[PDB]
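Engineer: When you get a sec, could you give me coordinates for this:
(2 chains, ligands or ions: 1)
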Amino acid sequence: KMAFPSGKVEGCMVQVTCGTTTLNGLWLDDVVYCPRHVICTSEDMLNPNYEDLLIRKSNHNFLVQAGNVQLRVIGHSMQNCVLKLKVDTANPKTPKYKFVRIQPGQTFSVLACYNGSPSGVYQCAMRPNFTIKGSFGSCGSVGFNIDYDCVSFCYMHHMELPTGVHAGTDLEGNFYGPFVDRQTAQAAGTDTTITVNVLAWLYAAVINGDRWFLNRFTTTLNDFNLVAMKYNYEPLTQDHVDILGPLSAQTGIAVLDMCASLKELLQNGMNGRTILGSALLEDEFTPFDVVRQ
Amino acid sequence: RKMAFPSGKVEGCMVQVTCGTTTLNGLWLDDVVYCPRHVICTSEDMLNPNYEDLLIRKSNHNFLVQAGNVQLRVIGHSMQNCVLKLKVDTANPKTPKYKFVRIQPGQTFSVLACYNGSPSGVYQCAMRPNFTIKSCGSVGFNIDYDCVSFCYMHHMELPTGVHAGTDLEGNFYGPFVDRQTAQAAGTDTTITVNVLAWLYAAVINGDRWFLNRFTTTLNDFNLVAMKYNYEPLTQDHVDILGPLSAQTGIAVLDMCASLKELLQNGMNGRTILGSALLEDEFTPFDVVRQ
Ligand SMILES: CN(C)c1ccc(O)c2c1C[C@H]1C[C@H]3[C@H](N(C)C)C(O)=C(C(N)=O)C(=O)[C@@]3(O)C(O)=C1C2=O
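Structural biologist: Residues are numbered from 1 along each chain as shown, chains lettered A, B, ... in the order given. Please find the structure below.
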């Protein structure tokens, strides 16, 4: 399980400081994007009023540092939960880019930064409950996909949740899931295994020569869903099925048959064996991921 | 999450090298492009190759080095153990500060998987005890501060699916050869010290269910451990955990007792760091960073 090469994104990372507080920002053309809670002290983070805190601010209140050159801010607005800082210098290392909103289940790479400094990269998925099980002052660290040379920004990190997991926004600043940029207890809501991704990854195993887990049975969709939901798996919809069509077609194994395999693998375990050199099932590998590789 | 280093610094060193039939990735540093020497083998040659003979037979014009857009002029070529070095007329402006280093089995690094000179992906991995890692010319590295330590270059794909390679001075990790003869894996073992470090991570987090009162001596441990296919634990391994022992309090041998138990008893359907399985691709040093 690989992340995209992070270079294009590394050259967009900056440090943003507003008095006491410091976060990562995304520097694109002559705009720096970051989480708006950068204008909160840790105390403010209980019941912040972002309109009020923002009117009280001027361009000189924000320090933006790109390595060790300091960028002059010449304007600022807010869009939902992201702050935008207009700076006087367009970023020379700007890649071609798009902003997208992604579906739960879909995968992306995250560049974890600290104080504007890149420190690591990992692949992950938008969990069914709109969280990310990551490793994070990482706020403002962004998630993305690459399409030849087009960088799709899909995620910016904002909150660390009590249960240890991460919540965030798209690059319009709308939270993924029902969270708020506010430090009150907010329930995660129980996670579930991403069924479609598992099925795709099994198809990957077979594409690759693994057949040990196939079986003679088939199933109806409902019978599967009933069984699966009892091991905490996501319902599988007809859409999910359509997306597997490309992969069903390659290997010549029907979706519902492969669904039978999964049924049984949940029933039986691995028996010390491995699938794609993994003793655990992988659910952070989308239909599209497998198609790409 | 197990994280890779950011690959930017390395991306700016990747090139395509072509010699007749073959094409693969090279590492462009200063005015030298480094790549696996088997790039001068056709699929024929790779059976009983004579690299000395094949190399003298080559001119600078025989090598095509392609750096994204531009073609680089080669002005010299030598070989150092199993990597070829190609002198080009232009120093790479995107050269990072770097070192070439050899790593021990157990140690971790990040890999930038390229295809045809093009970066496509980056992953964390470890030098497995049998000197494998779970394309050709793709490099593995670590970063400290702004220093890139190159530690690995991919050469061979083994029948068992996994990968073998050299350091950047062209010395193979493990007893493999750059020759197309069937080559045995040599059965693996769990990297014991890394497991113990990851347990320390669990405790300095939240998970404490597996702490235990009993203590055990090195030899008794190693005897039990080696019974479930784990690596012998050395006094060196112990020293490196010293850092971690002190943070959390737990003496090394005591933590060893915990592991003893986990192997003998299982987890009882419980989990460690939200995982049912034990992790051995996280060194002492890795856990300290995180
Ligand atoms: C894998 N194992 C041999 C079996 C065999 C038959 C079974 O009927 C079951 C298991 C494993 C366990 C695993 C786990 C599931 N697994 C990790 C996917 C799981 O996530 C949960 C859960 N509530 O989170 C279970 O209830 C669970 O206990 C379960 O429903 C199982 C279960 O019903």
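
Engineer: so how many other residues sit close to the residue in the stretch 1-150 of chain A positioned nearest to the ligand?
Structural biologist: Closest residue of the stretch 1-150 of chain A to the ligand, Cβ to the nearest ligand atom: residue A:128 (12.5 Å). Backbone N, C-alpha and C define where each C-beta goes, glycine included. For residue A:128, the number of neighbouring residues by other Cβ atoms under 10 Å in any protein chain shown comes to 20.

Engineer: what's the longest strand along chain A packed up against?
Structural biologist: If you go by DSSP state E, chain A has its longest strand at strand A:150-160. Applying 3 or more Cβ pairs under 8 Å, 6 or more residues apart in numbering or on different chains; DSSP states H and E, one finds that strand A:150-160 contacts strand A:31-35, strand A:96-99, strand A:107-114, strand A:142-147, strand A:166-169.

Engineer: switch to 6 Å and redo it
Structural biologist: strand A:96-99, strand A:142-147, strand A:166-169 (3 or more Cβ pairs under 6 Å, 6 or more residues apart in numbering or on different chains; DSSP states H and E).

Engineer: Provide a list of residues in contact with the nearest residue to residue A:23 once chain neighbours are set aside.
Structural biologist: With Cβ to Cβ, 6 or more residues apart in numbering or on different chains as the criterion, residue A:23 has its nearest non-adjacent residue at 4.2 Å, and that residue is residue A:140. By Cβ atoms under 6 Å, 6 or more residues apart in numbering or on different chains, residue A:140 lies in contact with A:23, A:24, A:25, A:34, A:35.

Engineer: Go through the residues you listed and name the one nearest chain B.
Structural biologist: Nearest to chain B among the contacts of residue A:140, counting by Cβ to the nearest Cβ, is residue A:24 at 12.7 Å.

Engineer: isn't there a helix covering that closest one?
Structural biologist: No. Residue A:24 sits outside any helix when classified using DSSP: H, G, I helix; E, B strand; the rest coil, being strand.

Engineer: For it, give the beta-bridge partners.
Structural biologist: Counting by DSSP bridges, residue A:24 forms beta bridges with residue A:15.

Engineer: from memory it sits against residue A:114, does it?
Structural biologist: No. Assessed by Cβ atoms under 6 Å, residue A:24 is found out of contact with residue A:114, at 7.9 Å.

Engineer: quick one, domains of chain A?
Structural biologist: Here the domain parsing of chain A from automatic domain parsing is A:7-169, A:195-292.

Engineer: most packed of those domains?
Structural biologist: Among the domains of chain A, the stretch with the highest mean neighbour count (mean count of other Cβ atoms under 10 Å in any protein chain shown) is domain A:7-169, at a mean of 18.

Engineer: ok now that domain, how far from the chain's centre?
Structural biologist: Relative to the centre of its chain, domain A:7-169 is centred 13 Å away, using Cα atoms, centre = their mean, to the nearest Å.

Engineer: can you give me the strands in the stretch 51-200 of chain A?
Structural biologist: Under the criterion DSSP state E, counting those that start in this stretch, strands of the stretch 51-200 of chain A are mapped to A:63-66, A:69-71, A:73-79, A:82-87, A:96-99, A:107-114, A:117-125, A:142-147, A:150-160, A:166-169.

Engineer: So which of those is nearest residue A:2?
Structural biologist: The minimum distance between residue A:2 and the strands of the stretch 51-200 of chain A falls on strand A:117-125, with 6.3 Å, by Cβ to Cβ.

Engineer: can you give me the angle that closest one makes with strand A:107-114?
Structural biologist: Angle of strand A:117-125 versus strand A:107-114, following axes from the mean of the first three to the mean of the last three Cα atoms, to 10 degrees, is 160 degrees.

Engineer: now strand A:117-125 against strand A:150-160, angle please.
Structural biologist: 100 degrees.

Engineer: what about strand A:117-125 and chain B, touching?
Structural biologist: Yes. Using Cβ under 6 Å from any Cβ of the partner chain, strand A:117-125 comes into contact with chain B via A:118, A:120, A:121, A:122.

Engineer: which other helices and strands contact that strand?
Structural biologist: So strand A:117-125, by 3+ Cβ pairs under 6 Å, 6+ apart, packs with strand A:107-114.

Engineer: How about the contacts made by residue A:200?
Structural biologist: Residue A:200 neighbours (Cβ under 6 Å, 6+ apart): A:287, A:290.

Engineer: Now tabulate the strands of the stretch 51-200 of chain A in JSON lines and tack on distance to residue A:10.
Structural biologist: Below are the strands of the stretch 51-200 of chain A laid out as JSON lines (distance: least, Cβ to Cβ, whole Å):
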{"stretch": "strand A:63-66", "distance to residue A:10": "12"}
{"stretch": "strand A:69-71", "distance to residue A:10": "16"}
{"stretch": "strand A:73-79", "distance to residue A:10": "22"}
{"stretch": "strand A:82-87", "distance to residue A:10": "18"}
{"stretch": "strand A:96-99", "distance to residue A:10": "14"}
{"stretch": "strand A:107-114", "distance to residue A:10": "7"}
{"stretch": "strand A:117-125", "distance to residue A:10": "5"}
{"stretch": "strand A:142-147", "distance to residue A:10": "11"}
{"stretch": "strand A:150-160", "distance to residue A:10": "11"}
{"stretch": "strand A:166-169", "distance to residue A:10": "19"}
